[PDB]
Structure formats: C-alpha cells, structure tokens
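Just passing along the structure, written as structure tokens.
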Amino acid sequence: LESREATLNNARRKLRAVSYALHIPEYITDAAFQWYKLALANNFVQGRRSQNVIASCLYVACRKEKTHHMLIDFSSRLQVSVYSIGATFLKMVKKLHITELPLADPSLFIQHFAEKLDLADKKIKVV
Amino acid sequence: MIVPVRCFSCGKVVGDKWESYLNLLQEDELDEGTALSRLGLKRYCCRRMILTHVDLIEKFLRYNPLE
Amino acid sequence: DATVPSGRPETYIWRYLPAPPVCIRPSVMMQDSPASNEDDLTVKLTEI
Amino acid sequence: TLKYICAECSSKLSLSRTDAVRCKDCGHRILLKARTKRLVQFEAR
Amino acid sequence: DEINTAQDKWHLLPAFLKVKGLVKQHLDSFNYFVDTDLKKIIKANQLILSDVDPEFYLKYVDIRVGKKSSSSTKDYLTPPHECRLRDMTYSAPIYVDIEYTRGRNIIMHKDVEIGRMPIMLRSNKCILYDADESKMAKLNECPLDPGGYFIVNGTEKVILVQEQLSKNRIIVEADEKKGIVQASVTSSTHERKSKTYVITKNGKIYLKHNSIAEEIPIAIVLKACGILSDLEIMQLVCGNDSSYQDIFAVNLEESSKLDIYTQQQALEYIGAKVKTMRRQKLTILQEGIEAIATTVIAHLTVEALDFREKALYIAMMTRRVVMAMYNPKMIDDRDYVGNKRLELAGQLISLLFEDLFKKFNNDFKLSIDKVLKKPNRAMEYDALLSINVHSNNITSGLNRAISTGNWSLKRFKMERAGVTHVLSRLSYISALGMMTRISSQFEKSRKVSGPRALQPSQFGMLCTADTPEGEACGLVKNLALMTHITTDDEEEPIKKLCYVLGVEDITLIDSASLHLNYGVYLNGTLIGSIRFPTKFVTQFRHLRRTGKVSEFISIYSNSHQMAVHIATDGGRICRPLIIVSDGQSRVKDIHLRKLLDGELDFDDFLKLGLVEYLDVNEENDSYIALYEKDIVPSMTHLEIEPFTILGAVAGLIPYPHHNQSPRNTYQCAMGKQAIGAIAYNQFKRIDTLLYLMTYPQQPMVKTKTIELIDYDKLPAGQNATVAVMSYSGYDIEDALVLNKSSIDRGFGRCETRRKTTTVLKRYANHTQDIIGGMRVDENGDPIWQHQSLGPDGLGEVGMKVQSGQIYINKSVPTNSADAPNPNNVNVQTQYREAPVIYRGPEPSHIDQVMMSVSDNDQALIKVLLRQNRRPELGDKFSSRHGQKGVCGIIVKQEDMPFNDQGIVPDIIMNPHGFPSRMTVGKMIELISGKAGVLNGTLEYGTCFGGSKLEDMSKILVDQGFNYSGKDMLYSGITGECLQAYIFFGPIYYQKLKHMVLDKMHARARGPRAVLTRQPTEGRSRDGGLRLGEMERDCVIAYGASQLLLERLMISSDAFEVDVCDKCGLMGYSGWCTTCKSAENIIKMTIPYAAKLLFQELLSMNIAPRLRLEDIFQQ
C-alpha cells in the first residue's frame, strides 16, 4: 500500500540511522531490511516501540555476519536497559522460527578492542 | 632508464662507457666535452647518447618492495 | 471532408487514446542493480 | 608455491582461503601476488 | 665571476619560485580555509536552540582539523599512495569542542567527531609537508610531484580556478536597438544576490530591479534619499556649462507630474508598487517598507539615518549614463582584464561547507525535540549520543561534490557544474600544466568573438601562447610563470588613513565643487573628493614601499573623468616589478650579490622597497621599461625578466621569438600528449592507462624554463638526427621517413599499461563471490582459456595472455535478490560463471596483480596488464615546434644516405614545410644542437634571448664542418654524391599519443541497437559508421540511384513489413487486426526506421494510410 510503503520509507531512515553511528557497513543494512520485512507482515511491529524493534532486528543481521558488535552498544545510545531490548529480542527469535544462528564467539572481541584502546605500535604481540 | 647498449644511428656499442665517463668526472674533474673524446667517441652521433642520457634507474630502485 | 467514417470533427479531442507497443519504448536494463531503469514514456502513461 | 607477499613488510603469506585479507608481522592490508616459477618464452627483438 | 646588474637580474627569479612556488594559488587558498576560515563559520552558526524546554543550549566554541587536545600528537594517517590503491578518500577528521545543558549541571566536552575533511596534497595538514626524500621514499610518493589535488575514492581530481565579472562594481553598456543598460550586481555574503539596472526608455532615465513590480525614474529615488531641492539633482548629475543639462532636463519635470516635491512624500511612491515579500506577519507601516527599500538595493553601502552616501552613489551611477548618451565612445567592455575576479579553491570550498554545516545543525535540532516532547525523557536525556547519525551528511556531502563536479547550493541557489576535472597523467607537464589554468563562465555571448580574442592588457599577467582550439578556442587560458593572486585585507583602516593625508569628507563638500576637483573612489564608492591628487598618490606609495600599508593595493588614477581609484577587494591578478625612482633605477647590485650569499631573499626585497606588486589597473599609469639600456628620466618600473610572459608548459619551446605565432599555440595542445616519463614511483602505481617510453633523453637545446620546473630531470622524447630533404616520395604532406635499423636499436619503443578491476560483492542473503578456477579435461588442468590463470583463480603474474584466455575467473550466485530463508536446506551448487575475458588484437603480458580491501570490508582485485610495441607506420610523431607527421615508410639502413663518417640519419623530413609554416626555430635548433654535441655542452634556447648565432658558427667551423651546419653526404641507392647540399643535424623529436594499434576498426555484421535496429555507435560498442546527411547529398549529385537504396536500407536497416491494401496500415505476421479478415495483404520491405515512425506518428492521433500501386503496366 501507499501507507505500507510510507511505513517502510520511514523505517528505512531508522536502520540507516544506527548503521551510520556504529560504523555498520552498507551490506548489513540492506541485509537487515528483509528481517524487518518478514516481521512486518507477521504482526510483530504492532504495539511495540518503533525504535525498539529495529535495533533488535539489526542485531540478527550483525550476529549472522559474525562481527565484533555487542548488544549493549545498541541500548546505550537508546538510554534504556540491556534487559529491555534483550527481552524483545528473545520474543523475536523463537516466534519467527530462527533456528540456525552463530554463537557469540569471544575470540572475535580481542582483535577489535586494541585499535581504539590506543596501545603501543607492537599491537600484534598483544593479540 | 639505463644507457642503450648500442647507438641509434650508426650502430656501435655504448654500454661499457657510462661508468667510465662518470669515473672521468668524480676523480680528475674534467670537461664534459674533452672527456668522451679521450674515451673513444669521435663522431657527433654517439656523443648525444651520453650527453643527454637521463639515468632514471638510480631513482626507481629506492622504491623496491623488499624494504 | 466528409465521406470517410473518421471525417467528423468529433475525433479531434482526446476521448480514447491508444497505447504504443513496447518496441517503441523498450524497458532498457542498465544493470546498475537488479532493478530495471524504466523509461520516461511508460511512467507518464501510468500517471494518466 | 611461494604465495602472497606484503607491501612493505614483504613477508610471504600463504593465507587459507575465505579467512582474512590482512598480513602478519604488520597491520598493512595490501597483498601483492608474487611471481610464478613457470618458464615463459620471449623473443630478443 | 664579476657580477653586474645588467644580465643577472634573472638570478632573483629562482629566489621567487623557491620560497613561493608554482602552485601558490591552490595551496595558499585551502591553507587559509583550514586555519582561519573555519572559525568564522561556527562563530556565525553558534547557539543551536530549542523553543520547547527553553533552558537548553548547545554552543560551538572552537573547531579544529586534525589533532585532538588530549594526545596532541601530529596524527596517524592513511598515506596518500596507500589510499589510491584501495578506492578510499584521503581525508582528515573535523574536531569541535562543545558545552551544553545535560541536566542539573552544564557540561563541556571536547573532541566530538562530526565529519572528515578531505585535504589536498603538500598542504601543511598532510604528511607530505616538508619531507626530505627519505620520509617521502618510505611513502613511495614522487618528490617531483606538484601536489594540490584530492584523491577522493580512487580518481584524483583538482578544483579549477574559476573567474567571473567583478562583483560589487558597475559597468557601463551600450546597445542600438535596445537603448543602454547599467548592470550593477552586488553580493553581500548573507542571502543577497541582487543586480540593479539604470535603463533609458526613449530619452528618460529609470531604475528597475527584480523585486520592484515596475520601473522608477531616478528623480524619485534621489528625493527618497534626501537630495530633494531639485537643483541639487542637476548639480550632482550634470555639472555646469555643458550639454549634460540638456539631455537630463526631461527627468526634472517628472517630479512635477507625480507631484511629490518633498522627502517625506518621496518614499511611499516606491513601496506602493514594491513586490511584497511574504513576511508571514506583515507589520507594513507604509513608512518603513520604503525606508528599507533603500536598504535592500545596491548592497555595497548600508545606511544608519541620513541616507546621504547612498544618494550620490546613485548620482555617480547615472552620470555615466548621460555621458554614454553624449557619445557612445565612453562605454566599457566586460572583457578588459581589470574587470575579472579570479577566485581560488579554498575560498570556494567555503561556500559549499557552510551550506553543509547549517544543514547539519538544523537536522540535529529537530532530532532533539522529537525526544524532548516527552514527559519522562527530559531529565537524563543527553544530546551527544545521537550526533553521529547526522555526521554522515558532511562527509558524503563533500565527497559527492568533488567526484561529480556539480555543487548544489541553497544560499545562492546556483548549480555550477564542471568545477572539478580528473588530472591527466599522460606526461609530466600534462599534469602540471593543468594545475595552472582558468575555466571561464561562458555568459552566452556565443555570437561575439570579442571575448574569444586576446586583449593587449595581458602582458605577463597570464600566459599568451597556451590556449586550446576547436570547440574551446578562447575561453580556456593559463597562468604565466610570474603571477600572484591578491587577497583582501580590510577597508576600515585605509579609509581612516586617507583622512590623515589631507582629504575632505563627503558630508561637508559642496556639490558645485565635486566635479571641479577629483575624487577618491573606494571600491567604487566616493568618500573624500581629494584635490591635487599627484601629491596624494605619491605620498601613498611611500607608505606602501616602506611598508605601512599592505602591498596588494592599486592606485589606478584615470583622467577621462575626474576620479582617482583605490582597490583592495582581493581575488585579482598581479605581478611584481622593481621600482625605478628616476633616471637611475633601484637595482643596487650589492643587494643582488648578497642574495646569492643566501641571507637576502626575494621577500626582503619588497620589505625594503625595491620591488612591489602591480596589477593590470596600476599599469594604466606606469611606464614599464624593457631593458636597463632604455632608462629615460621619465621612466618607472623596470621589467624584471621578459621571458616570464610564458608559463611552465609553453616554456619548453626553444627559440620562441624566431618562430611563428600560431606555431606556439599548436605545441601547447600537443606537449600535454607527448609520451615519456611520469614520476619516480611509476612502477608502483596502478592507474587506468599510463603510457611510458623505454629510453628517454633530455633535450639538447634546453631553456631556462625547463630547469625551473625540473623538466629535464624526467624528460619525454628523444632527439633524432634529422636530415631534412625529400626522399622516395613518401614524405609529401608533412609525413616523414625513418630507418628500420634505428628502431631495432630502440628508437621510440613505448609501453602501455591498463588497469582493470572487479569487486566481490556481498549480498542480502549472506552469499559471497568465489574465485574457483582451472576446470580440467583429459589429464590436463588448463583449457586453452586457462593457460595463464594460476592455482588460486587470479591470473598468473609474469606470463602473457592472448584473445580469449580468462585471467580473472569469477562466479556470481543465482539467488541474487531472493529473501533469506532462515534455514540450511539447499545451498551446495548455486554459482554461475561470469569471468573477465581479455579482448584486444595483440597479446599483452600481466605485469602485477594485487588484492586488498576497501574502506568498508568488501574485497578488491586490481590486475594491471602490460604490453610494449614498436613504432610502425601510422604512429604520429612531432617536432616540439608544432609540425605533426604520420610515419610514412620504414626503409632499411643501407638505402638511407650517409655522410663522410658513416652517420646514417634517423629521420628524414621534407623541406616543404618551412616556407608556409615559417618555423625558423627548427633551423636554429639544429645549429645550436649540432654545435653543442661537438663541444660537449648543452645550450640554452630561451625566449627573448638565448644562445646567439654568430658565436655558434665559430664552434661549428673549428671542428671541421660547414659554417651553416649544411653538410654534404652521399646516397645509398646510387652511390654518387647529391647535386645539392643537405641540412643535417640533431633535432628533438618527441613521440605523441594517438597510435594506430588502437585505432584500426573493422565491423562487418555485429551488434545492433534496440530502439533503432541500426549499427551501434562507438568503437568500444563494436562500431559501424555514420553515413550522414552531408554525405547523402554528395551521392545524389552523381545521379546514382541504386547504391543510395543499398547503403541506406539494405546494409543498414532492412525489415520486411506486410501491410494491408485497403485501410492500408501495417500488421503482424498475417493479420490486419483492424479489418479482421486477413485477406488483402501485400508483402513488401521498408527500412525499420520507417516502421517505427509509422507507429510513433500513429501513437498520437495521426493515421498515415498507405496507398499502393503495382510496378508494371503503366
């Protein structure tokens, strides 16, 4: 519909809003929208906050890539608790039949910590 | 790049005279005109090969990919 | 003049308009995307 | 074999495929393919 | 070495270009933008505010580019040659500092990232600023590179020095059929783009503007400014004892018609017919809307109370109307060089940035109160969390406006395109000669060849011999070798300075006496009405030479009217000249020898008062002497060096003064095409298409210009041994003859490198691309197509490729756009092939292939091919003086002639150019070159000087040859001597581009376009050539009536139409589909482009009924 086109043209500004902020590259925003698109049709966006569902939808796309981004870097911009946005993440994954998923591998997070930590120029031996 | 192994117009070889013509300039400071007459380049078609040879091989080599 | 069917002056203002074939106005694929760069002649015929 | 080398570190990297595109010993992200061993046949004119 | 001031004033021209180079105008503009001209932006867009919750405020205190305030180190930056191999932008981030209202207490937070400014090379913010061939060797960047150009995402671009007419000044105009006009455009820096006109309808002065609904005659708009007594009007405009009272006398009685007579009644007649701008409140007084109508007009001068100084600026604007009606010889042209304002990069990138910066903090404003319209979300709400969503419109705004060179502004609402170009790395000076050029505005006077021509007021301002031809013939021009563009300083203190020197004021002088005296004009505005100007102006320069005022001023003082001028507006041309006091100059060669010692540079020369900058307007009054042997006791401003009227790209011509004048504008257009060397890092870079020569040589007849830009440190082309004569008839129309044995020794073997690239794209459904390769058959891995593809998929560096022969294998998935199914069922074979095939008609080699990643993690592949070739016939050579030539034949060595010693010439050119082309340079370049070989020393051919002739035949007679270089030689076909004498010697022949290996085309029957079903335009689109309308009329003049039908429908556009007979219009395979009987049909054939006319003409309501006869039975 025109109202259904207008509710995703607005919802396209939301995904490009946080991805400009957290340095999410552009091949995840476009990958994130189909997860929003199937959750749009299946009556998941009604009632809940607009800005609370799109970050939970984006974290599905950031988990599948196996990238260094946590979950609390979404919530600290939004100034809510981790457990608020985490609870509506759990009601997304089991409702919408997401079976295969990567694990939160902690070995990913070591390599990304060092660069903004501003340690010594021998940054390989610390890794 | 490096000096051409033969002259363009007549045909004789100039590859063993580029280091010699320089060594006749570092030691025994000497005219550019009287150097390469002693060296053996008589006619005026071989003398342009060493007068005007820009030697870009010493500046290309400092960008070697092997540190 | 008369004596032809379409010789009335009624047929000189638009009441029906024909649509051309798509051979005239072909859907050129620029392949800058998996979307088709549709030419300006159909998108006018749809706003009508 | 004698696989990919680095830009200024100049260290021979044999990276396992679809894993990474950086090099070791240095953080530089430009990997030059090194020359083959196979004979190539030229003329001399 | 007894130095003297007669022939050694040249030695301070290196003292100019050492401290102050050749890319002054680009480097010193952006460096003034970064340092100072950012702080004048945030100080005019500070204090972002909200109306809801009025105790919130965020203010920008200061702004910085580069380093922080915590670490305060230099930086760590992606190097420029590391940045062009990854399609990234070379940029540095903008840092600001802020304080704002968090809540209970305000908080001041530093170093907020809001964007990334691109920075041009060799600026003081990039890492290449003052390096010493060891830091710069680590960064594998060339020492001899000019710098001054962005490397935004790959390609490297350069903002060009635009120019337009002088803003904030008036120009007089004439026309016969239209009357005359008076344009006066004014652009104050805040929203204002306004031009006013002073027009004459049938003998009456008016004043129109594009915010006033009609015109107003000027007797209203001077009583509106206080000048009311109606004798004061004529006393200002006309003067006394003149015919100007008679021409102007019509406009006086229109005060009697409109019956106004007083300054109170004068205003409201304007604003009665003003076009009312929508104020949304409209407090219109009918008393103040006219008092501001004398504020939004002629925005040069603003008023406080008196309206007085604005009045007699309108009176001086309408006096030069009346004088133009008295004789139309007093008019001015808008092509004089004093009426042009050059404007640089950094003072034009600032018009873009403050558009982007105000667009930043009014999207960031409305994102705040969208949260602050909440009851709970007003206490703990912090604003810097949501700053980074808006930061991306600064970076992507700047990088999109540099790549696609069109700048979409809002404040002036103007859409200049073409403002950036990609620089050409064809040759060394092809990329340096672009950095000093001028791109004009084409104000749509396409009929008039006035501005297409060249003005005499251009001697040494900007170059005279470099200008293109063809479509762009006089609107593209180049700076000369000695040139500096001024900068505006301030007009408040110099207005206070001129009162001290003895000028009166505008508010005291009687209007009877302002025409009897002269008048100081400050930026076109009269303020003082000086008397005895020549004591006033000569005391002004003694403040300037000794250094009380800045040096970028002009004291132009004409005498056609009674006015003296000052100009401090900046962005206008100048050059320096040494002051001559009287019949003895201020040369003082004890100062000049102390320059060579190295403590007294060029900058200290103008600090003392030995030299100063003159623009084109200050050359109205001065009387520049050429040489020191020409000093008169009325003679100022000795010319410092006379060959500086030619830039660094026209400068390489040897003996330009002997040569003809159109044979210097033919070489600048081709010196930018001659192949050669590029830089020192040229085997490291990956560019789109880079020509190289194997063995280049520096020229024999040099110039002082080529050693001041270090051209001969990496030259282009090599000097052959020309024996100018006719030979075998293959050299008739300036073609030329070279020998086969010299080409095999390596005379002119070029080399051509060509990038090509791919990108491995990551899709929506999490599918990559793969580089699997070398599918096998029958005990062997390689196919014919994969002999040079390697094990890893990327083609193997070091071995050749032929036609066919995939060299980058690539597979792309088949579910390219389907929705991600969150499972794992059927994904094992989905990759269809899409390889990269080497086309081209010759086998070329693979030089180097690298793989890396771009700014966002999406891999890159950039393989660079390589082939070298030899100059067979068709390959276009030149002469460095402008004599093009197709190589006509390649004969053997033994058929070439030979002198007594055995010297076979390299190249023979015919004698039949020198009478028509009048190139006496090549006849001198050959004498000054041969004598340099025999003496072992290179010789100079400069402009307006150079090595003489009579001292050069003395060397040429000692060694044993002829006194005119014209030796005698035998023949190689017949054996005996030649009955004439042959002019023999070495001439520098640079090789050009435009070779025939990539111009031979051959299309038999190929691709066809879709809407027209004709052959496809473009050699890369597989060709087929256009038999036009100029060539169609040439055929019918022969009377030939069967190949005209064959060349225009058979071999081009044939198509078989079956058309119905009655109600005749075409249908498909066997139908009529409008009389559905399918009975009356005739098979014929017509062009396809008339099948599609008969359906376009049918789609609008026009019916082309066809009526047929049979051919036979007349």
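As written, the chains take the letters A, B, C, D and E, and residue 1 is the first residue of each chain.
Operating definition for what follows: a contact is a pair of C-beta atoms (placed from the backbone, for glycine too) under 8 Å apart; a residue touches a chain by one contact, two chains touch by 3 or more.
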item: Given chain A and chain D, the chains that contact each of them; value: E
item: Chain nearest the global centroid, as defined over all protein CA atoms shown; value: E
item: Chain B and chain C: spacing of chain centres that average the CA atoms, whole Å; value: 75
item: CA centroid of chain A to CA centroid of chain E, Å; value: 46
item: Chain centre separation (chain C, chain D; CA means) in Å; value: 58
item: Inter-centroid spacing, chain C versus chain A (mean Cα positions, whole Å); value: 46
item: Multi-chain contact residues (two or more partners), chain C; value: none
item: Junction residues of chain E - those touching two or more other chains; value: none
item: Chain D residues counted as touching two or more neighbouring chains; value: 7, 32
item: Chains touching one another, given as label pairs in label order; value: A-D, A-E, B-D, B-E, C-E, D-E
item: Touching residues on chain C, where the partner in the complex is chain E; value: 6, 11-12, 14, 17-21, 23-24, 26, 28, 34
item: Chain E-facing residues of chain D, complex; value: 3-4, 7, 17-18, 21, 29-36, 38, 40, 45
item: Parts of chain B lying in touch with chain E, wherever the complex brings them together; value: 1, 4, 6-11, 31-37, 42-45, 47-48, 51-54, 56, 59-60, 62-63
item: Contact footprint of chain E on chain A as seen in their complex; value: 17-18, 20-21, 25-27, 30-31, 33-35, 37-38, 64-65, 76-77, 79, 96-100, 118
item: In the complex, chain E residues that touch chain A; value: 71, 380-382, 385-386, 388-389, 391-392, 762-766, 819-820, 822-824, 856-858
